[PDB]
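Every heavy atom of this structure was used, including side-chain atoms; hydrogens, water molecules and symmetry mates were not. Residue numbers start from 1 in every chain, and the chains themselves are labelled A, B, ... in the order their sequence lines are given, proteins ahead of strands.
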Amino acid sequence: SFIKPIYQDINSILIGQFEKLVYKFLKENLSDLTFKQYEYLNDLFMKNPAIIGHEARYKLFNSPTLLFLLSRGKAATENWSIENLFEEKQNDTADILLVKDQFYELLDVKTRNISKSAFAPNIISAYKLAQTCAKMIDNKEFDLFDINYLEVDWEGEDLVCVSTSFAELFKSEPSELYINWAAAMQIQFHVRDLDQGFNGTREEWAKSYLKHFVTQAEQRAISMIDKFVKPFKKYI
Amino acid sequence: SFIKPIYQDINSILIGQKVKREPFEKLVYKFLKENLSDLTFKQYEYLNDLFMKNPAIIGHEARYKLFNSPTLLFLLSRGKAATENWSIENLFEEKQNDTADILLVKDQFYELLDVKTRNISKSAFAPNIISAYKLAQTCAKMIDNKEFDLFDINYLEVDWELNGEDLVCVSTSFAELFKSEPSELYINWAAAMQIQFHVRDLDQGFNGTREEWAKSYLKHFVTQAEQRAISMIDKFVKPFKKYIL
DNA sequence: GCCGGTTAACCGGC
DNA sequence: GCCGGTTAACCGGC
Ligand SMILES: [Ca+2]
Ligand SMILES: [Ca+2]
Ligand code: NA
């Protein structure tokens, strides 16, 4: 992580001291590496004005996996112009991107209202993560990027920060990730609760996640009969 | 439908309306309020009015009995603690996962309206209409309690496009869920098991009774669930086994 | 034309 | 404590 080293600094400037308000901090203390996902894409294409067409521009990523996680559609990529730049997207994989010397940190910020009942938010699609692990293995890309999370807790007429949390997805035990199939097949968890005791290699994590994903896929399929078929059979 | 008789006018008044550069639902509410003041309510407003007129009824248990309908209780009520803690000083407010956007009621009959805004400037994408599971439970409760002439679930689509520093409405569509062919409803399991369709495209030729609609939907639901189960193996299991064996 | 996955984030049952 | 369903629409591959 590029943020981990300066976590204390961020935590001390947030607690009490809005959404993406952390981006400001990062874009000032790491202005050299901080980007919104859409800003990184514009930056990458502006730097190579000689490369046109989506097929060519996609090659700019130099990584089938990163291409998969960060790129926009073919049309959007081909239609990309210097006078027609990319804008933020609700569907974007990451909130903030930190890249240095060909290594990437996909950072997601999660805001939690410590006043309401605890309800783990959608973290990332378990399916997208499976395709990611598959691409990591197929292309042997095990030392290219990390997916990390920064949690910001908040709470009379103003909403101030009370604490923060930071965790790395790849440091968590794969089989411990809760996949909520109904909730758009999303992994869900509060950052503060995310396990960080995995000790294996990045390759072992990917294989372990795939076994977990496949197993949960089987379990969900069977459970659908139990909850969506059995109780309604008597009406038909 | 209660808004049906005055639909042509809603359509005319809505086309042209603008919002500061989703909120069109509030404008929909506005008109209905001025044209059907006594039948129009936000879902939370309806709940507040019901409890306000029965101040002596306290506790979630007693308050739940005020709905005098298992199906309506299921579709409209807030949780037990929320119902327990309600008070004139602690009223209900909008809730993200409430079933309906607007309720129109008259003489014990209910119309649950869900406004569906649509950005007409982009590639058509059928939005989440309602949970296929919530709908199945609803049909099951209708059958168990014989409530087949109590309520309707309808949709009002508001099409809009960017026009300067605001969004403007270019057209609208209205359709009724119970007039559609149940077996043709698209259930997108990944998308929170939601039924998906464009109001403008929903068929309206069902020829059976409400009871028949419920049974037919239940048949469709169960069949699609069975298919999804097996389908999950082909899409989420088979393609990744090569990485764990 | 056809088809379905993704983000953001949120209560409430027992 | 443990567990999971719901609303809002929305996009891009072949
Ligand atoms: Ca996020
Ligand atoms: Ca709506
Ligand atoms: Na809905």
Side-chain angles (χ1 to χ4, degrees), chain A residues 19 37 54 68-69 71-79 88-95 108-109 111-113 115 117-131 151 178-190 193 220 223-224 227-228, chain B residues 22-25 43 60 74-75 77-85 94 96-101 114-121 123-128 130-137 155 157-160 186-199 201 228 231-232 236:
Chain A
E19 297 302 297
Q37 195 179 123
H54 67 71
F68 174 70
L69 294 168
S71 65
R72 283 300 174 68
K74 293 185 179 301
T77 300
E78 187 136 298
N79 295 177
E88 187 175 358
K89 202 180 189 65
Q90 70 300 78
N91 197 191
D92 285 339
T93 296
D95 286 317
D108 251 37
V109 178
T111 60
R112 182 184 178 183
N113 187 50
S115 293
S117 305
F119 207 161
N122 288 173
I123 293 302
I124 188 175
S125 163
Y127 178 52
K128 172 181 292 192
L129 187 60
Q131 301 174 75
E151 185 161 278
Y178 181 67
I179 298 175
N180 188 327
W181 293 91
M185 313 195 279
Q186 297 274 321
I187 287 173
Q188 306 181 320
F189 61 62
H190 290 293
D193 305 311
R220 176 64 176 181
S223 76
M224 287 187 69
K227 201 160 180 176
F228 306 130
Chain B
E22 323 64 70
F24 279 102
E25 187 264 302
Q43 184 170 320
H60 62 271
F74 172 68
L75 293 169
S77 73
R78 288 299 172 77
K80 288 174 181 176
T83 303
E84 173 71 43
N85 298 166
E94 189 74 356
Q96 70 132 230
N97 59 186
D98 271 346
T99 296
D101 280 329
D114 182 346
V115 179
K116 288 296 162 188
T117 61
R118 175 185 176 183
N119 181 165
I120 229 64
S121 184
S123 179
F125 206 155
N128 291 359
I130 191 171
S131 168
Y133 179 50
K134 175 182 287 193
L135 216 217
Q137 301 178 81
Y155 299 89
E157 177 183 309
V158 181
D159 303 316
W160 60 269
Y186 186 70
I187 299 178
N188 185 333
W189 297 92
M193 321 188 276
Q194 298 273 318
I195 293 289
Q196 293 180 330
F197 61 63
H198 285 105
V199 179
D201 300 323
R228 181 61 179 182
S231 164
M232 284 185 67
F236 310 129

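- Across A/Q37 and A/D92, no two heavy atoms sit closer than the pair OE1-OD1, 3.7 Å.
- C/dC14: Watson-Crick or G-U partner is D/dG1, with both key distances under 3.5 Å.
- A close approach under 4.0 Å does not occur between any side-chain nitrogen or oxygen of A/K89 and OP1 or OP2 of C/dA8.
- Taking for each of B/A82 and A/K128 the nucleotide of DNA chain C with the nearest heavy atom, the 5'-most of the two is the partner of A/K128.
- In this structure, OH of A/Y127 is placed 17 Å from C1' of C/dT7, rounded to the nearest angstrom.
- Distance CD (B/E94) to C1' (D/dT7): 10 Å, rounded to an integer number of Å.
- At a cut-off of 3.5 Å, with distance as the only test, a side-chain donor of B/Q196 or B/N128 sits close to an acceptor on the other residue.
- Residue B/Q96 has no polar side-chain atom (N or O) positioned under 4.0 Å from OP1 or OP2 of D/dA8.
- Each of C/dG12, C/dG5, D/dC10 was ranked by its minimum atom distance to the side chain of B/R78; first place goes to C/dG12.
- The distance from atom CD1 of A/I124 to atom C1' of C/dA9 is 16 Å, rounded to the nearest whole Å.
- Between B/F74 atom CZ and C/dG12 atom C1' the separation is 13 Å, expressed in whole Å.
- In this structure, the nucleotide among C/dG4, C/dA9, C/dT7 sitting nearest to the side chain of B/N188 is C/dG4.
- Proximity of A/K227 to the phosphate of D/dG5: a side-chain N or O atom is located under 4.0 Å from OP1 or OP2.
- The CG-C1' distance, from B/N128 to D/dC10, rounds to 9 Å in whole Å.
- The two residues A/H190 and A/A120 come nearest to each other via the heavy atoms NE2-N, 3.4 Å.
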For the pair B/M232 and A/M224, evaluate side chain to side chain contact (heavy atoms under 4.5 Å, CB included) and give the outcome as yes or no after the intermediate values.
CA-CA 10 Å; B/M232 284 185 67; A/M224 287 187 69; 3.9 Å; yes
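- Atom pair B/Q194:CD and D/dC10:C1' shows a separation of 13 Å (rounding to whole Å applied).
- At the phosphate of D/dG5, OP1 or OP2 sits under 4.0 Å from a side-chain N or O atom of A/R220.
- Between A/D92 atom CG and D/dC10 atom P there is a gap of 16 Å when expressed in whole angstrom units.
- Of the candidate nucleotides D/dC10, C/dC10, C/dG5, C/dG5 has the atom nearest to the side chain of B/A190.
- Within the 6.0 Å centre-distance limit, the rings of B/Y133 and A/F228 are counted as a close aromatic pair.
- When heavy atoms are screened at a 4.0 angstrom cut-off, B/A81 is found touching no nucleic acid atom at all.
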May I have the step-by-step check of side chain to side chain contact (heavy atoms under 4.5 Å, CB included) for A/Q186 and A/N180, ending in yes or no?
CA-CA 5 Å; A/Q186 297 274 321; A/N180 188 327; 5.6 Å; no
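- The side chain of B/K80 sits closest to C/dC14 out of D/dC14, D/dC10, C/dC14.
- The phosphate of C/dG12 has neither OP1 nor OP2 within less than 4.0 Å of any side-chain N or O from A/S117.
- For B/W160, counting side-chain heavy atoms from C-beta on, the closest listed nucleotide (D/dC10, C/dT7, D/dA9) is D/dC10.
- Counting distance only, with no hydrogens placed and no angle test, the side-chain atoms of B/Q196 and the base atoms of C/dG5 include a donor-acceptor pair under 3.5 Å.
- Side-chain atoms of B/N97 lie closest to D/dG5 of the nucleotides D/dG5, D/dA9, C/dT7.
- One interatomic measurement links the two molecules: CE of B/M193 to P of C/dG5, which rounds to 14 Å at whole-angstrom precision.
- Considering only side-chain atoms of B/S131, the nucleotide from D/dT7, C/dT6, C/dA9 that sits closest is D/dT7.
- No donor-acceptor pair under 3.5 Å is formed between the side chain of B/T117 and the backbone N or O of B/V158.
- In the set D/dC11, C/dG5, D/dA9, the nucleotide with an atom closest to the side chain of B/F236 is C/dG5.
- Both thresholds, 5.5 Å between centres and 30° between ring planes, are met by A/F119 relative to the base of D/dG4, so the two rings are stacked.
- With D/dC3, D/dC10, D/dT7 as the candidates, the nucleotide lying closest to the side chain of A/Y178 is D/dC3.
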